[PDB]
Amino acid sequence: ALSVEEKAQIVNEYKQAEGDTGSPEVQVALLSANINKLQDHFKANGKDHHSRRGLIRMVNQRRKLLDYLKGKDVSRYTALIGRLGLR
Amino acid sequence: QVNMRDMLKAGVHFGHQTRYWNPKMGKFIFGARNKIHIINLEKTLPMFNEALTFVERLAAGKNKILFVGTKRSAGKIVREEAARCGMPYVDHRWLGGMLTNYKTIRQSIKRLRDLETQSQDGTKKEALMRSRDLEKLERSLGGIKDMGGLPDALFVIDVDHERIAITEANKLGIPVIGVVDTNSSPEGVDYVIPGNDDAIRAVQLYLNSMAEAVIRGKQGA
Amino acid sequence: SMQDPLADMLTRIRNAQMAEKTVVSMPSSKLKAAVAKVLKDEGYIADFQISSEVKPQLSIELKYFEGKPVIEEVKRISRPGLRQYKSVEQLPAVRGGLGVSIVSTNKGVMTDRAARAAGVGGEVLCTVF
RNA sequence: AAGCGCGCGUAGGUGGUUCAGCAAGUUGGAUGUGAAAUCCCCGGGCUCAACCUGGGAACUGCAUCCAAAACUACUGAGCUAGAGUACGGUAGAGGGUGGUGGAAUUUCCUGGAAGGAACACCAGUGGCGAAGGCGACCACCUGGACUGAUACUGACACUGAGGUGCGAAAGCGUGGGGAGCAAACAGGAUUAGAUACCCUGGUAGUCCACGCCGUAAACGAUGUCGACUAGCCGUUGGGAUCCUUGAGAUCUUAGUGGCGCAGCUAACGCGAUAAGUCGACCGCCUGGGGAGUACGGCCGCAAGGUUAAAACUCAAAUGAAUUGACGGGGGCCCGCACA
């Protein structure tokens, strides 16, 4: 998984009436942080496709959570596409 | 008749295990008690009261009933509590075919009618094995001396072993009555009687409810 | 996934009609509640029982006949896929007219007898027979 | 005859839940038509029938128009059940890298030295992964579900042609290794003959790194997903109930099995892990041969694979089941059949 220090760290800018861990600030961008740091083990273990099928499972679900923000909230979408180093 | 102190006395509230039961007797389980299932004791009261009403309102209307209590532990009173009644009965090896193979077995009653010379006399080797087989008939034809043709009502004891005898009864349309335990299904019997048939002293709580009532149907005529 | 609200209730009672159960409870909608009200007026069921709480539910009290109960089959016609929008001249007299043939119209989700004498057709919902 | 081996998911098909709105589909009426002919009935006529016409009926159609708002789309605010995440806790042959092992067996040599490979027991109608698949010991970087709840999201949904990855082993690449066996064979014994099973021998191969093939008796010969309809007996992971010492019951779930009604089925049999009742969608089938073959396209170094025909030809091939017969099928029994 992610680091025990980190998975409780990254929520500190996702707060937005802080008790939310459910809006797509969290399941995009905890999950975007899952994308950006678990690249490491692939370089050593390139013969195990079980771990990047989870990557494509949630980067679609991130894009699915981008897809609902296409219509529900375009303005807070700019906080996602403008930030995080996307695209 | 309907009172509790002989209803509670012997065997009735006992029943078959939580390993051994059909849920169609799920309307008749009065609590689970050491993993054996209890006859429902309060709506028992209309059913085995109606078991004495219907048995006398046709005994005054001239029927004649058969008694299938075909069990090894229950055939003892079935020779005794159906001798006090005027009914035909069979308690050991219901032969598959009674009231269907009937016009074959109608003339399979007579090994004593055709030997009314020698059973009163003693033809020694050639008449012993005919008279050793003289109990091969009334082992299954024990109450079937009088038959009147086809039976009119039918009262069963063990639905679980002799399921044949009820599928004999539904195959014609003769009205079905009998005691049922939680092991078998209360389905095929026309109107139910919930009650145990595994204890030996639980048997004659209904069999001496018959000999009480079988004279109380013949008294109307 | 579940894809049709009222075909999920019309299946779930028929296997309970051949089972020995009486009160059927499921999470229900107003769509499933408007269907249930018309066939209790046709003598099939009674007391739909909106639970009137959060996650509202329907407790349809279906009646038994002696032995085989009152509703043999409920045949879905307009399922969600091919959805059978039908006129007033072409209403189905299901079993000689002994099926009441409830059809969703603007002025009421209503049987075929009142659908023709006040002429609106539409979603021919299900066989009630 | 027919479920791709399974996934991620594009268009699309369909879409939990509530009020309100729209009036595209849906619903009614209005009007113009839908030519005439033909047809359908009532007729008129040929002396009768065709035929001929008169009258209508019919023309399920098309747009326009107003009226309707239960449902669908669309529009907006929502609702928490579907679906997801923040919190541990185990269970787990997940999978991969590097090592550390042991006995045989094998190969040497005077019990040691030497290296390959699969790891007896633990082993399980057990786990794990979408699937293919996967067990000595050990760390190291890493998955998805379960469950205990507590938090929050507000259908974000499932399915999905194309499209895209990923799929047992013999392979043949591009480099290495090296025990046993063994594809390739030589004889040995054997038969009309071995080209066979048996017998003496051994390179390719399995192994490794990257890469290609993408094949299957990929089989549970059962697509994925959700809902609901009697049960009962083991067994796997949690959790709570439990007089409690567990020797453990019960309950609760998510898996893995046995047997059985309702149920279906041609039958065998399935039977809440359906092969029922259903719903959305997808793949697939149309008599047996020809044939999964030619030809054309695509991929491969090759072997080939994938998509996929007709010409001809036959009135049958096939499925489960039953009687008889047969069997170098088993099991009992009889008789000088065996001494």
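Preceding this section is the structure that the text describes.
The rules behind each value
- Residues numbered from 1 in each chain as written, not as in the entry; some residues may be left out.
- Chains lettered and ligands numbered in written order.
- Part of a larger assembly, values for the part shown.
- Heavy atoms only, no water.
- Residues with missing side-chain atoms left out of burial classes, pairs and counts.
- Helix = DSSP H or I, 4+ residues; strand = E, 2+ residues; numbered from the N terminus.
- Buried < 20%, exposed > 50% of the residue type's maximum accessible area, 1.4 Å probe, protein only.
- Contact = heavy atoms within 4.5 Å.
- Areas by Shrake-Rupley, 256 points an atom, 1.4 Å probe, with all protein chains shown as cover.
- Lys, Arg positive; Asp, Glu negative; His and termini not counted.
- Charge placed at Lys NZ, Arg CZ, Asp CG, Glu CD.
- Pairing = 2+ DSSP bridges.
- Near = heavy atom within 4 Å.
- Polar contact = N/O pair within 3.5 Å; in protein donor to acceptor, adjacent residues only side chain to side chain.
- Nonpolar A, V, L, I, M, F, W, Y, C, P; charged D, E, K, R; others polar.
- Arc of directions from axis to C-beta.

## Notes on the overall build of chain A
Here is step 1: Scanning chain A from N- to C-terminus turns up six helices and zero strands.
Here is step 2: The secondary structure elements of chain A, listed N-terminal to C-terminal, are α-α-α-α-α-α.
Here is step 3: The dimensions of chain A, computed from C-alpha atoms along their principal axes, are 40 × 30 × 20 Å.
Here is step 4: For chain A, buried positions account for 24% of its 87 residues.
Here is step 5: Put simply, of all contacts in chain A between residues at least 6 apart along the chain, 52% involve residues at least 24 apart.
Here is step 6: Counting every atom, chain A has about 6200 Å² of accessible surface; 53% of that belongs to carbon and sulfur.
Here is step 7: Averaging the coordinates of the 16 positive side-chain charges in chain A and doing the same for the 10 negative ones gives two points 8 Å apart.

## Points about the arrangement of the chains
Here is step 1: One thing to see here is that chain A and chain B don't touch, and their nearest C-alpha atoms sit 46 Å from each other.
Here is step 2: Between chain A and chain C there is no contact; the minimum C-alpha to C-alpha separation amounts to 18 Å.

## With respect to the sheet that holds strand β2 (residues 45-46) of chain C
Residues and elements named next belong to chain C.
Here is step 1: Spatially, the three strands line up as an open sheet ordered β1-β3-β2, and their pairing is antiparallel. Each end of this open sheet is capped by a strand with a single partner; those strands are β1 (23-27) and β2.
Here is step 2: Two elements, β2 and strand β3 (residues 57-62), share two bridges in a ladder whose sense is antiparallel. Each residue of the ladder has a partner; that of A46, found in β3, is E61.

## Some remarks on the protein's contact with RNA strand D
Here is step 1: Surveying the vicinity of RNA strand D reveals 68 residues, the closest of which are A:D20, A:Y68, C:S1, C:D8 and C:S87.
Here is step 2: In RNA strand D, atoms within 4 Å of the protein come 77% from sugar and phosphate.
Here is step 3: A distance of 3.4 Å is found between a phosphate oxygen of RNA strand D and a side-chain nitrogen or oxygen belonging to A:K7.
Here is step 4: Where the surface near RNA strand D is concerned, the elements lending two or more residues are α2 (26-29), α4 (40-44) and α5 (52-69) of chain A together with α1 (7-12), α2 (14-17), α3 (30-39), β4 (85-86) and β7 (122-126) of chain C.
Here is step 5: No other element matches α5(A), which puts eight residues into the surface near RNA strand D.
Here is step 6: Looking at the surface near RNA strand D, its residues break down into 20 nonpolar, 27 polar and 21 charged.

## Here we look at the sheet that holds strand β7 (residues 193-194) of chain B
Residue and element names in this part refer to chain B.
Here is step 1: Reading across from one edge, β4-β3-β5-β6-β7 is the order of the five strands in this open sheet, with parallel pairing throughout. Two strands close off the open sheet at either side, each with one partner strand: β4 (89-90) and β7.
Here is step 2: Bridge count for strand β3 (residues 65-68) against strand β5 (residues 153-156) is four bridges, and the pairing is parallel. Within β5, the residue paired with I65 across the bridge is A153.

## With respect to helix α7 (residues 164-172) of chain B
Residue and element names in this part refer to chain B.
Here is step 1: Of all the residues in α7, the buried ones are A165, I166, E168 and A169. Angular distribution of buried residues about the axis of α7 spans 150°; they occupy a single face of the element.
Here is step 2: Elements in contact with the buried residues of α7: β3, β5 and β6 (176-180).
Here is step 3: Following α7 by one or two positions, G173 adopts a phi angle in the positive range, close to 135°.

## Regarding the pairing of β5(B)
Residues and elements named next belong to chain B.
Here is step 1: Burial along β5 is two-sided: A153 and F155 facing one way and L154 and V156 facing the other are all buried.
Here is step 2: Pairing between β5 and β6: three bridges, direction parallel. For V156, the partnering residue across the bridge sits in β6 and is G178.

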